[PDB]
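Okay, so here's the structure we're looking at.
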Amino acid sequence: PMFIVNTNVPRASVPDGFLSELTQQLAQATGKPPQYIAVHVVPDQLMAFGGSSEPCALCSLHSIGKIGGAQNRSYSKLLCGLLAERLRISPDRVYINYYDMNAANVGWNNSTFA
Amino acid sequence: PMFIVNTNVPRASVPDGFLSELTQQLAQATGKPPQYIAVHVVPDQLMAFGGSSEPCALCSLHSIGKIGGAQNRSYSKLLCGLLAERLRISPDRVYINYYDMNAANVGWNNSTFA
Amino acid sequence: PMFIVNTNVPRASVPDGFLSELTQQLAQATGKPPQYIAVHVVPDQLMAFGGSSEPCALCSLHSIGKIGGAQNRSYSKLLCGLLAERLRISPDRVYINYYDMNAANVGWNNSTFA
Ligand SMILES: *C(=S)NCc1cccnc1
Ligand SMILES: *C(=S)NCc1cccnc1
Ligand SMILES: *C(=S)NCc1cccnc1
């Protein structure tokens, strides 16, 4: 699993523990060891959401499996909660695109997971 | 709909009003209300297109529906036209990836759109 | 084909010529002309892999075809090798997401491909 957040929140507003918190929470949510989880936060972005430049986030969650209708609804609550508390983003200004990756289409360690 | 532009054009070259213009032009193109539209512009990027560092862009349009053969041609004309007029990027140094997202795979406000 | 690498290594760690090399090597690997190859390198990112901040990368390769089981293994070996030799990123701290794009879903030069 790989989680990416793109936001107009300033860099100084991103807590130093946020990547570790996300790692850990996503391990619990997906049932995967934290070692497998990658997280990426991109602050200071030129963005608008609904025509407004109030705090917002455009995010992606990729996983080989563990993606689906009910799971994604659950992830949205987890992730909106974390973004709300730690980045002070309203949950209605967050989009999360979910990608169920085929193992043959994820490279790692000189090969793929297939 | 969510539109992202990644470009090597410098930040000072992005006009005031660009994000608003994109929002408005996308609302017209897609028929979706501007409240649901997100736009994200990322200048000053280390990029090459065709081995050259002349102005270029790599973009993405995600939408739940409103993606398809003729629609995407229309969008490419619109969006390359904006990049050319506003950012002075040649249309032949732009790629736009189009993604027709399943509503179950788009999270927003503590749920998905399914 | 379009290749994007996001990394926590610093910009000064990216060697002169890296985007050229990537262009060249990807042309060789995909068989596509270099003119159509786009590369994008994003250093100095706020990242974690497995909860560690040691050098890592999150990458994407998009191509209209030339994506598949064996191909992707080959590309992973290539690209992990480059990131290791050039950017001193361990291969086991790189993920590469591969995307086989439908030509109708790729915009370029005011239109889309087929
Ligand atoms: C998230 S995409 N993790 C990739 C992965 C999956 C299974 C085992 N190891 C890494
Ligand atoms: C762009 S991805 N807008 C989101 C959306 C689209 C259609 C219906 N509801 C939300
Ligand atoms: C990479 S996505 N290159 C795009 C492309 C592919 C084939 C022919 N022309 C452009």
Side-chain angles (χ1 to χ4, degrees), chain A residues 1-7 9-10 12-27 30 32-45 57 59-64 67 86-87 97-114, chain C residues 1 3-9 26 29-30 40-53 55-65 67-84 89-101:
Chain A
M2 306 179 22
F3 183 62
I4 305 102
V5 177
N6 299 267
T7 183
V9 166
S13 293
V14 179
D16 289 331
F18 190 51
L19 297 163
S20 290
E21 184 175 9
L22 282 168
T23 300
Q24 295 290 316
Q25 289 281 319
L26 282 164
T30 63
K32 299 298 179 186
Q35 186 64 37
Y36 297 169
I37 294 181
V39 296
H40 181 196
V41 178
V42 191
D44 295 302
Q45 300 301 290
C59 310
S60 304
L61 183 72
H62 298 79
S63 181
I64 300 169
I67 298 286
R86 299 306 187 209
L87 299 191
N97 286 319
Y98 296 99
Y99 301 96
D100 188 354
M101 302 301 295
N102 193 288
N105 296 327
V106 177
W108 173 72
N109 193 38
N110 288 306
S111 190
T112 67
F113 285 102
Chain C
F3 182 63
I4 303 101
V5 43
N6 305 264
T7 183
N8 58 350
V9 309
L26 286 163
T30 63
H40 178 189
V41 178
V42 192
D44 290 293
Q45 298 302 284
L46 183 55
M47 292 177 72
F49 197 111
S52 166
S53 73
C56 60
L58 296 176
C59 316
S60 291
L61 181 71
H62 294 83
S63 179
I64 304 166
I67 297 293
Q71 289 171 108
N72 300 351
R73 284 190 278 279
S74 187
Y75 302 142
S76 298
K77 181 185 178 183
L78 175 70
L79 290 166
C80 291
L82 292 164
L83 294 169
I89 306 164
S90 189
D92 64 0
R93 297 181 57 74
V94 175
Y95 283 143
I96 305 160
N97 286 320
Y98 296 94
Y99 302 95
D100 189 351
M101 300 301 293

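Chain A is the first sequence line, chain B the second, and so forth, proteins listed ahead of strands; every chain is numbered from 1. Heavy-atom basis, side chains included; hydrogens, waters and symmetry copies ignored.
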Next item on the list: For A:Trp108 and C:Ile96, indicate whether the former's side chain and the latter's backbone hold a donor-acceptor pair under 3.5 Å.
Entry: no
Looking at [X] and [Y], what are the two nearest heavy atoms and their distance?
X	Y	answer
C:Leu58	A:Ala38	CD2-CB, 3.8 Å
C:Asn72	A:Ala104	ND2-O, 2.9 Å
A:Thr112	C:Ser76	CG2-OG, 3.8 Å
C:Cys80	A:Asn109	SG-N, 4.0 Å
A:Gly107	C:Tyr98	N-CE1, 3.7 Å

Margin query: With a sphere of 6.0 Å drawn around OH of A:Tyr36, does it hold more than 12 non-hydrogen atoms of other residues, nucleotides or ligands?
Written below: no
Item checked: Contacting moiety of A:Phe113, where chain C heavy atoms sit under 4.5 Å -> side chain
Check: Considering only heavy atoms, which portion of A:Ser111 lies under 4.5 Å from any heavy atom of chain C: side chain, backbone, both, or neither?
Finding: both
Next item on the list: From the options C:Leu46, C:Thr7, C:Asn6, select the one residue that forms a side-chain contact (heavy atoms from CB on, under 4.5 Å) with A:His40.
Entry: C:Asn6
Check: Rounded to the nearest 0.5 Å, how far does CG of C:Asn97 lie from CG of A:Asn102?
Finding: 11.5 Å
Notebook entry, point to check: Could you give the distance from CG (A:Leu19) to CZ (C:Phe49), rounded to the nearest 0.5 Å?
Noted result: 13.5 Å
